[PDB]
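Notes for the one structure printed next.
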Protein chains: 2
Amino acid sequence: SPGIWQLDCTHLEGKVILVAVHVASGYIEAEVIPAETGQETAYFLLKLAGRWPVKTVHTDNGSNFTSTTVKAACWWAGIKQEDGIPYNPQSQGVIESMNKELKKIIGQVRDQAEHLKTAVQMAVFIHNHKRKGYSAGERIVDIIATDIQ
Amino acid sequence: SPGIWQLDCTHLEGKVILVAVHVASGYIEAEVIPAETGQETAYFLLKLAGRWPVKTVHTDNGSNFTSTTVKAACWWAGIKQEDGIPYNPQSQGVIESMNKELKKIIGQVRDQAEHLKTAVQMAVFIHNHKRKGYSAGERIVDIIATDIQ
Ligand SMILES: NCCCC(=O)N[C@@H]1Cc2ccccc2[C@@H]1Cc1ccc2c(c1C(=O)O)OCO2
Ligand SMILES: NCCCC(=O)N[C@@H]1Cc2ccccc2[C@@H]1Cc1ccc2c(c1C(=O)O)OCO2
């Protein structure tokens, strides 16, 4: 559980926002890309796994699950690649809710940035710092620190 | 101390590698950019501060310290921008040593990646996971978790 992440791909302004959510905390990292490809997904996962202890990734769709480039990145980084089938059905809804909420925040900051990528990183910041009490950033650190100990 | 980061800019293959080091742990994040500009530095800091609780940044040079765009990012993200003058002289040497070491790792992985950016992220991964015993990734999580508590 400390090591479980979920990929999520959402669309805005004709572009793609690729998101990794740390399932137990709600903490996210995100990037804007022109389109979701295996190469983009592979690179994003490499970045993520260098920054946090990523043990398992629930991939967002079958194309990324199948991608030989994504499989290579997961092998390289020591990530177990799993499907993202919401056997637990409240998973879909939790992600749909996060996407709506991310887009809401993006809209709230959108006029402060010339470029979408900047607004997305502003939204990541706001999301990870928001107290709900702990923030997602606080929860992920506590979860992993408990695991190490 | 849990919130103190240092910027560092180094050169390879005609490109620039921008690094943020968490001073107390040795943990890093890095990116490849064509050249160090205020805009690139500002965006990098926004990404960093959305991912970790960045309180203070020792900027890498006076151009970034002066940059109105960097100042805007630091204001937005709640970062105190400081100079990077190594009043303590072992700071310079510690960074020089990190740059040499990062470049060493990059050379060790370089043939596994078509693009420099990929090799740099591989190097970030190896650096943050290397046990020295704890790893830098373990130390940063423990430091911040102790601070929260
Ligand atoms: N020399 C052939 C490369 C070997 C190969 O296919 N996999 C690599 C091993 C590996 C391991 C982890 C992550 C990436 C990669 C690499 C793939 C790759 C994917 C995406 C990218 C890339 C490159 C890149 O190659 O830099 O660049 C930006 O987005
Ligand atoms: N409407 C213009 C006002 C913007 C302005 O001056 N500062 C912003 C506030 C702010 C606050 C934090 C980070 C960036 C920014 C922005 C600047 C910026 C810088 C670098 C970038 C950018 C943009 C961008 O604007 O997206 O894009 C990719 O690299």
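If you're wondering about the labels, chains in the structure tokens are A, B, ... by order shown, residues count from 1 in each chain, ligands from 1 in order shown.
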
Review point. Counting only C-alpha atoms, what is within 8 Å of stretch 116-132 of chain B, bar same-chain residues fewer than 2 positions away, as a PyMOL selection string?
Key: (chain A and resi 43+46-47+49-51+77) or (chain B and resi 26-32+102+105-106+109-110+112-114+134-137)

Since we have the selection now, will you write its residues out, keeping N, CA, C and O atoms, as an mmCIF file, in the first residue's frame?
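Once written, again-v2.cif looks like this:
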data_model
loop_
_atom_site.group_PDB
_atom_site.id
_atom_site.type_symbol
_atom_site.label_atom_id
_atom_site.label_comp_id
_atom_site.auth_asym_id
_atom_site.auth_seq_id
_atom_site.Cartn_x
_atom_site.Cartn_y
_atom_site.Cartn_z
ATOM 1 N N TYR A 43 8.435 7.495 -19.867
ATOM 2 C CA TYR A 43 9.273 8.562 -19.316
ATOM 3 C C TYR A 43 8.696 9.131 -18.021
ATOM 4 O O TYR A 43 9.418 9.363 -17.052
ATOM 5 N N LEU A 46 9.336 6.685 -15.193
ATOM 6 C CA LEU A 46 10.728 6.772 -14.776
ATOM 7 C C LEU A 46 10.954 7.969 -13.837
ATOM 8 O O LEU A 46 11.606 7.834 -12.799
ATOM 9 N N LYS A 47 10.430 9.137 -14.208
ATOM 10 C CA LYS A 47 10.528 10.317 -13.349
ATOM 11 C C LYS A 47 9.898 10.049 -11.985
ATOM 12 O O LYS A 47 10.500 10.320 -10.941
ATOM 13 N N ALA A 49 9.268 7.223 -10.358
ATOM 14 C CA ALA A 49 9.921 6.185 -9.562
ATOM 15 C C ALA A 49 11.283 6.617 -9.025
ATOM 16 O O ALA A 49 11.771 6.047 -8.057
ATOM 17 N N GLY A 50 11.886 7.629 -9.648
ATOM 18 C CA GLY A 50 13.111 8.226 -9.124
ATOM 19 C C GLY A 50 12.865 9.135 -7.930
ATOM 20 O O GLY A 50 13.786 9.426 -7.174
ATOM 21 N N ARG A 51 11.617 9.576 -7.773
ATOM 22 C CA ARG A 51 11.228 10.566 -6.782
ATOM 23 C C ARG A 51 10.500 9.967 -5.565
ATOM 24 O O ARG A 51 10.619 10.493 -4.454
ATOM 25 N N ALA A 77 12.874 0.378 -13.687
ATOM 26 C CA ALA A 77 12.613 1.036 -12.404
ATOM 27 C C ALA A 77 12.133 0.103 -11.287
ATOM 28 O O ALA A 77 11.874 0.570 -10.186
ATOM 29 N N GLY B 26 20.404 15.047 0.740
ATOM 30 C CA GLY B 26 21.078 14.734 -0.519
ATOM 31 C C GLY B 26 20.134 14.307 -1.641
ATOM 32 O O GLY B 26 20.586 13.994 -2.745
ATOM 33 N N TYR B 27 18.830 14.289 -1.363
ATOM 34 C CA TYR B 27 17.824 13.902 -2.361
ATOM 35 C C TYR B 27 17.768 14.962 -3.450
ATOM 36 O O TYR B 27 17.877 16.151 -3.157
ATOM 37 N N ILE B 28 17.596 14.527 -4.695
ATOM 38 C CA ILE B 28 17.542 15.456 -5.824
ATOM 39 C C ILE B 28 16.341 15.255 -6.745
ATOM 40 O O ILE B 28 15.758 14.175 -6.831
ATOM 41 N N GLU B 29 15.984 16.338 -7.422
ATOM 42 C CA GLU B 29 15.173 16.282 -8.623
ATOM 43 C C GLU B 29 15.973 17.036 -9.675
ATOM 44 O O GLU B 29 16.741 17.945 -9.333
ATOM 45 N N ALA B 30 15.814 16.656 -10.941
ATOM 46 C CA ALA B 30 16.582 17.262 -12.026
ATOM 47 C C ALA B 30 15.809 17.235 -13.330
ATOM 48 O O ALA B 30 14.900 16.415 -13.510
ATOM 49 N N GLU B 31 16.170 18.151 -14.227
ATOM 50 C CA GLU B 31 15.596 18.195 -15.571
ATOM 51 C C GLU B 31 16.656 18.676 -16.554
ATOM 52 O O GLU B 31 17.600 19.371 -16.173
ATOM 53 N N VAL B 32 16.503 18.281 -17.812
ATOM 54 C CA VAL B 32 17.317 18.813 -18.895
ATOM 55 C C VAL B 32 16.559 19.952 -19.583
ATOM 56 O O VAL B 32 15.377 19.818 -19.913
ATOM 57 N N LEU B 102 26.929 12.780 -10.466
ATOM 58 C CA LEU B 102 25.787 12.665 -11.382
ATOM 59 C C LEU B 102 26.251 12.370 -12.787
ATOM 60 O O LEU B 102 25.663 11.545 -13.477
ATOM 61 N N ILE B 105 27.287 8.708 -13.139
ATOM 62 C CA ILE B 105 26.122 7.826 -13.276
ATOM 63 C C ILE B 105 25.511 7.972 -14.662
ATOM 64 O O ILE B 105 25.205 6.979 -15.329
ATOM 65 N N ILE B 106 25.366 9.212 -15.125
ATOM 66 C CA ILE B 106 24.834 9.436 -16.459
ATOM 67 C C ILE B 106 25.650 8.677 -17.503
ATOM 68 O O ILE B 106 25.094 8.059 -18.406
ATOM 69 N N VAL B 109 24.794 4.937 -17.559
ATOM 70 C CA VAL B 109 23.498 4.561 -18.134
ATOM 71 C C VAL B 109 23.320 5.086 -19.546
ATOM 72 O O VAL B 109 22.364 4.709 -20.235
ATOM 73 N N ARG B 110 24.233 5.953 -19.983
ATOM 74 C CA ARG B 110 23.994 6.751 -21.181
ATOM 75 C C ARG B 110 23.610 5.917 -22.398
ATOM 76 O O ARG B 110 22.745 6.330 -23.164
ATOM 77 N N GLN B 112 21.932 3.228 -22.572
ATOM 78 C CA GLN B 112 20.637 2.567 -22.409
ATOM 79 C C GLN B 112 19.477 3.444 -22.868
ATOM 80 O O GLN B 112 18.347 2.978 -22.954
ATOM 81 N N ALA B 113 19.762 4.713 -23.142
ATOM 82 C CA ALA B 113 18.747 5.699 -23.490
ATOM 83 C C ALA B 113 19.109 6.401 -24.790
ATOM 84 O O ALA B 113 20.272 6.745 -25.000
ATOM 85 N N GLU B 114 18.122 6.610 -25.656
ATOM 86 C CA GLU B 114 18.327 7.383 -26.876
ATOM 87 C C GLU B 114 18.523 8.873 -26.550
ATOM 88 O O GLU B 114 19.338 9.539 -27.185
ATOM 89 N N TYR B 134 21.067 4.339 5.092
ATOM 90 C CA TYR B 134 19.878 4.870 4.428
ATOM 91 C C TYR B 134 20.188 5.507 3.072
ATOM 92 O O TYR B 134 21.327 5.886 2.788
ATOM 93 N N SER B 135 19.156 5.593 2.237
ATOM 94 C CA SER B 135 19.245 6.272 0.951
ATOM 95 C C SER B 135 18.777 7.707 1.127
ATOM 96 O O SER B 135 18.146 8.048 2.126
ATOM 97 N N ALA B 136 19.094 8.549 0.151
ATOM 98 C CA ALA B 136 18.639 9.932 0.168
ATOM 99 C C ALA B 136 17.112 10.004 0.212
ATOM 100 O O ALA B 136 16.551 10.831 0.924
ATOM 101 N N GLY B 137 16.446 9.137 -0.548
ATOM 102 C CA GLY B 137 14.983 9.099 -0.577
ATOM 103 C C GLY B 137 14.389 8.743 0.773
ATOM 104 O O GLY B 137 13.351 9.271 1.174
#

Exercise for review: Name the residues in contact with stretch 8-25 of chain A at a cut-off of 10 Å, using only C-alpha atoms, excluding same-chain residues fewer than 6 positions from it; report them as a count of residues only.
Suggested key: 45

Check your understanding: So how far away is atom 11 (C, counted along the ligand's line) of ligand 1 from atom CA of residue A:74, in Å?
Key ->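 Between atom CA of residue A:74 and atom 11 (C, counted along the ligand's line) of ligand 1 the gap works out to 7.3 Å.
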
Exercise for review: Go through A:88, A:67, A:81, A:39 one by one, measure the shortest atom-to-atom distance of each to chain B using only C-alpha atoms, and give the residue with the smallest value.
Suggested key: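 The shortest atom-to-atom distance to chain B comes from A:39.
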
**Study point:** Residue set, stretch 22-147 of chain B restricted to strand (DSSP E or B), as a PyMOL selection string
**Key:** chain B and resi 22+28-33+56-58+80-82+131+135

Review point. Can you list, as a PyMOL selection string, every residue of chain B that DSSP puts in alpha helix (DSSP H)?
Key: chain B and resi 38-51+62-66+68-77+90-109+116-129+136-148

**Study point:** Counting only C-alpha atoms, the option among A:37, A:69, A:6, A:56 closest to chain B
**Key:**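 Looking at the shortest contact to chain B, the residue is A:69.
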
Check your understanding: Pick from B:7, B:86, B:78, B:104: nearest to chain A, with only C-alpha atoms counted?
Key -> B:78

Review point. Just how far from atom CA of residue A:133 is atom CA of residue A:145, in Å to one decimal?
Key: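 Taking atom CA of residue A:145 as the start and atom CA of residue A:133 as the end point, the length is 18.2 Å.
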
Review point. Atom 27 (O, counted along the ligand's line) of ligand 1 and atom CA of residue A:64 are how many Å apart?
Key: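 Taking atom 27 (O, counted along the ligand's line) of ligand 1 and atom CA of residue A:64, their separation equals 15.7 Å.
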
Study note, to complete from the structure: Counting only C-alpha atoms, closest pick from A:53, A:93, A:3, A:107 relative to chain B is A:53

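The residue that comes closest to ligand 2, out of B:94, B:79, B:85, B:72 and on the basis of only C-alpha atoms and all ligand atoms, is B:72.
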
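Nearest to chain A of all the residues B:92, B:55, B:76, B:83 is B:76, counting only C-alpha atoms.
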